[PDB]
Amino acid sequence: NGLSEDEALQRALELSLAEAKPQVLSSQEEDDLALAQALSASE
Amino acid sequence: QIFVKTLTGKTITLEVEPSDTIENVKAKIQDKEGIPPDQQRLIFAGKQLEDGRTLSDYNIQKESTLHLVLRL
Amino acid sequence: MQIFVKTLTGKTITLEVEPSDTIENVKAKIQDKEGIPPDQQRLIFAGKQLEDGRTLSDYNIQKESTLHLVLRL
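Residue numbers (the entry's author numbering), protein chains in the order written: chain E, 194 to 236; chain A, 2 to 73; chain F, 1 to 73.
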């Protein structure tokens, strides 16, 4: 009714291509630690 | 004035004092993006930010980018 | 010789090392390259994860080789 899965999946799909989490909370802390740590340290 | 970057690159900006804890920053991030306090992680210089500490305890001063990483 | 270090994030720098160089030096090589302290690095090659004191010769690292990298928190 509100949101079952497809409208959450169809989005979840499209971010993985765009390799991006926090728009739809897609990727994991695991992978985002890598980026955030690689960014924060290099930046 | 400190930025809060994300993996998408949604650079949301915050205005908090050096004396303000990271607890406040979690609550201020809540105000901006609806995200519980215990499910956020803020990185700076490849170093984890604790709750009890303030921006003065670490070397965070001004125009400082703060990389956010959520957990499920 | 010239080897490669592959992050999980997608970044890939090429290095200029020698067989007799230690793993600490290689991690310090990354540091001046991309700004990462040695204490926040896990170099992975030939299945094992590489110890600090030993050299690239000890782990048999060829030329044009890929050493995978993970950042420790």
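Even for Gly, the Cβ is constructed at its ideal location relative to N, Cα and C.
Residues of the stretch 10 to 22 of chain A whose Cβ lies closer than 7 Å to any Cβ of chain E, in chain order:
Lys11
Does DSSP classify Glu18 of chain F as helix, strand or coil?
Within the third sequence, residue 18 of chain F is the residue found at index 18, counting from 1. Here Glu18 of chain F sits in coil by DSSP.
How close, in whole Å, do the beta carbons of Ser235 of chain E and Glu34 of chain F come, if the pair is a contact with beta carbons under 8 Å?
Within the first sequence, the letter at position 42 stands for residue 235 of chain E. Within the third sequence, the letter at position 34 stands for residue 34 of chain F. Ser235 of chain E to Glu34 of chain F, Cβ: 5 Å. Contact.
Among A:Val70, A:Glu24, A:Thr66 and A:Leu67, the one whose alpha carbon lies nearest that of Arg54 of chain A:
For the purposes of this step, residue 54 of chain A is identified with residue 53 of the second sequence, where counting begins at 1. For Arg54 of chain A, the nearest C-alpha among the options comes from A:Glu24.
On the three-state DSSP scale, how would you describe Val26 of chain F?
On the third sequence, position 26 is the one that residue 26 of chain F refers to. Helix.
Out of F:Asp21, F:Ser20, F:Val5 and F:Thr22, which has the shortest C-alpha to C-alpha gap to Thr14 of chain F?
Position 14 of the third sequence, counting from 1, holds the residue named residue 14 of chain F. If we check each option's Cα against that of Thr14 of chain F, F:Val5 comes out closest.
Which same chain residues end up closer than 6 Å to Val70 of chain F when comparing Cβ atoms and leaving out the 5 residues on each side of it in sequence?
Start at 1 with the first residue of the third sequence, and residue 70 of chain F comes out as number 70. Hits under 6 Å: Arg42.
May I ask you to list the residues that DSSP assigns as paired with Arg42 of chain F?
Position 42 of the third sequence holds residue 42 of chain F. Answer is F:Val70.
Chain F contact residues for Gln49 of chain A, given Cβ-Cβ distances below 9 Å:
Position 48 of the second sequence, counted from the first residue, corresponds to residue 49 of chain A. In chain order: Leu73.
Listing by chain order, which chain A residues have their CB less than 8 Å from the CB of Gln40 of chain F?
Against the third sequence, residue 40 of chain F aligns to sequence position 40. By Cβ distance, chain A contributes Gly47.
Per DSSP, the bridge partner or partners of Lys48 of chain F
The sequence position of residue 48 of chain F within the third sequence is 48, counting from 1. Bridge partners of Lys48 of chain F: F:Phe45.
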